[PDB]
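Data first, discussion second: the structure below is written as structure tokens.
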4 protein chains.
Amino acid sequence: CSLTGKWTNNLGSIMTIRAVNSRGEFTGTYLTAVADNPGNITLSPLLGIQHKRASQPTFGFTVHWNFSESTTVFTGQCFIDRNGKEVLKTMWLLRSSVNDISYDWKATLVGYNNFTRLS
Amino acid sequence: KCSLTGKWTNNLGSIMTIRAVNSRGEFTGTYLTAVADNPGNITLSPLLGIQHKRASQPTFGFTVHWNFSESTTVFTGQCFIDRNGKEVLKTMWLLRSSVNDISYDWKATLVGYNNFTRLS
Amino acid sequence: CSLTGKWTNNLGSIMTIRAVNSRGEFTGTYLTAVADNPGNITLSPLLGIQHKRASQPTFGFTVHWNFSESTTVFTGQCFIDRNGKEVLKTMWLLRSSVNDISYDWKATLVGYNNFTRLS
Amino acid sequence: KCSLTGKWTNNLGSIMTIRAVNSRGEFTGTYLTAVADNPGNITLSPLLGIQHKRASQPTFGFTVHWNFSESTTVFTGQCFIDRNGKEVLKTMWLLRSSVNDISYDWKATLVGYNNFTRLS
């Protein structure tokens, strides 16, 4: 299971991950299907690390949203079924920008996403 | 303005060191956790992340690839500057463990918080 | 959308929720399909509250696991599609018992579950 | 032994009052949050939960039905007793907002922590 390639998730978002280096580091581009103001969505860079030796590696990455002050992180594992089909099972945290520390409590959304490979 | 560059400790005693933040907001560093399932196996581990650049109190995220387990942690949060200029990173994290197959996926993700302040 | 009735989720767990009172309070019984030691699973009580007036209410409940020292909480919303079909979209936290406060960091798992009505 | 019965404050200044814990571990109470989207609309809200009974440091969960919004929060955690007999509730929470339809479900769930100690 390697992260390199093109992926879609259960919300219809897509991402492309470039080559994974010897340290497990990767870059890519994320197009979310969902946002607070969807008319404002632009492509956003991602940067992460996976484990290299594991056949079904865990990984994490950060998405710097280019159209808001927020940041999302994803972590999960790449699984391979008996037919060679890959799925990324992930959970995420979406951090919004708040004015000061007294508003921190309302700043972090949580959710899930399941990704499959595009063709 | 808040740059993540420098050394930080959190409420559990962990230390991380963040190198220069580039013009995209990308940064690398190391993380020495104070806690693990077997603290005797802990080793210094690499991190990689992105912060926002223009904001004075940026949000950010980073990934820690634990060098002593098959797990990965991601942190996200915001750097706040108080009226005296003191910086605090308020973060939440997800710690992903490796499981043997997808039937075990449900039990693989721990959640928590950490507050960081500067070492020095 | 009312919580009363019999439900299954995407992991194959089932639950039955009894009548919801005027305050939105409900009891029920939860059979998980998954656990650390699945051979030990027994039926476990749940207790929660939903909003009453809303057609698509938010709600929460606690499951006291009768076979371990852990507790799970679920929160989510009941949605009705155009055909009258209900789904509970939930997120959960599973709290394990740890020995003392220094282990608190490793005690809380997070996940999701989608529930649909049994027949 | 740790019973949730009594009054507690958390790190945000919120107060809750938990009534008698029954033989099943069930409890009701009230919660006065210090924080909300519009603090001027906050009202005292009911909670309902379950703790473990046999354990000296029980895990527990409860639901708060906010009486001034369409949201619901759930808390789960553990009551710890330290070597001097002081009790702390360590909790994590999920705050579910009401959204108009399932397409908005992704943005409906906030996560956080709270630490509680006794009022008195």
Within region B:50-62, restricting to residues that are in contact (Cβ under 8 Å) with a residue 40 or more places away in the chain and buried (at least 21 other Cβ atoms within 10 Å of the Cβ), the one that is nearest to residue A:93 (Cα to Cα) is B:60
I need a count of the residues in region A:46-70 that are within 7 Å of chain B (Cβ to nearest Cβ) and basic (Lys, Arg).
0
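Looking only at region A:73-86, count every residue that is surrounded by fewer than 24 Cβ atoms within 10 Å (Cβ to Cβ) and at the interface with chain B (Cβ under 7 Å from one of its Cβ atoms) and tell me the total.
1
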Options D:16, D:92; residue that is touching a residue at least 24 places away in the same chain (Cβ under 8 Å) and either within 11 Å of the chain's Cα centre (by Cα) or within 24 Å of residue A:110 (Cβ to Cβ) (or both)
D:16
Residue check, residue A:43 more than 7 Å from chain B (Cβ to nearest Cβ) and out of contact with any helix residue (DSSP H, G or I) (no Cβ under 7 Å at 6 or more places or on another chain):
yes
So how many residues does region A:1-13 have that are crowded, with 16+ Cβ neighbours inside 10 Å and under 10 Å from residue A:117 (Cα atoms)?
4
Would you check which residues across region B:37-49 are buried (at least 17 other Cβ atoms within 10 Å of the Cβ) and small (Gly, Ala, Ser) and list them?
B:45, B:49
Please specify each residue of region C:19-36 satisfying the condition of being free of Cβ contacts under 8 Å to residues at least 24 places away in the same chain and either touching a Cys at 6+ places or on another chain (Cβ under 8 Å) or exposed (fewer than 14 other Cβ atoms within 10 Å of the Cβ) (or both).
C:19, C:21
Counting just the residues of region D:74-96 that are within 7 Å of chain C (Cβ to nearest Cβ) and among the β-branched types (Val, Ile, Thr), which one comes out surrounded by the fewest Cβ atoms within 10 Å (Cβ to Cβ)?
D:88
Output the residue which, of all residues in region A:87-119 that are within 15 Å of residue A:34 (Cβ to Cβ) and small (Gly, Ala, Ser), is nearest to the other protein chains (Cβ to nearest Cβ).
A:111
Any idea which of C:92, C:105, C:65 is of a type outside the set (A, V, I, L, M), on the phi < 0 side of the Ramachandran plot and free of Cβ contacts under 8 Å to residues at least 12 places away in the same chain?
C:105
Of the conditions (1) on the phi > 0 side of the Ramachandran plot; (2) buried (at least 21 other Cβ atoms within 10 Å of the Cβ), residue A:60 clears all except one; give me its number.
(1)
Single residue of region B:97-116 satisfying the filter (more than 10 Å from chain C (Cβ to nearest Cβ), in contact with a strand residue (DSSP E or B) (Cβ under 8 Å, 6 or more places away or on another chain) and farther than 22 Å from residue B:15 by Cβ) that is surrounded by the fewest Cβ atoms within 10 Å (Cβ to Cβ):
B:101
Looking only at strands (runs of 3 or more DSSP E) that lie completely in region B:1-72, which have at least 3 residues being among the hydroxyl-bearing types (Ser, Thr, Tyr) and more than 7 Å from chain A (Cβ to nearest Cβ)?
B:26-32
Working only within region A:4-42, note down all residues that are closer than 26 Å to residue A:83 by Cα and under 11 Å from the mean Cα position of the chain (by Cα).
A:7, A:8, A:9, A:13, A:14, A:15, A:16, A:17
Out of the residues in region D:95-120 meeting the condition of being over 15 Å from the mean Cα position of the chain (by Cα), of a type in the set (S, T, N, Q) and not in a loop (DSSP other than H, G, I, E, B), tell me which one is farthest from residue D:33 (Cα to Cα).
D:103
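Rule-based calculations on the coordinates, nothing more; no lab input. Positions of Cβ are generated from backbone atoms using ideal geometry, with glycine treated the same way; all protein chains shown enter the neighbour counts.
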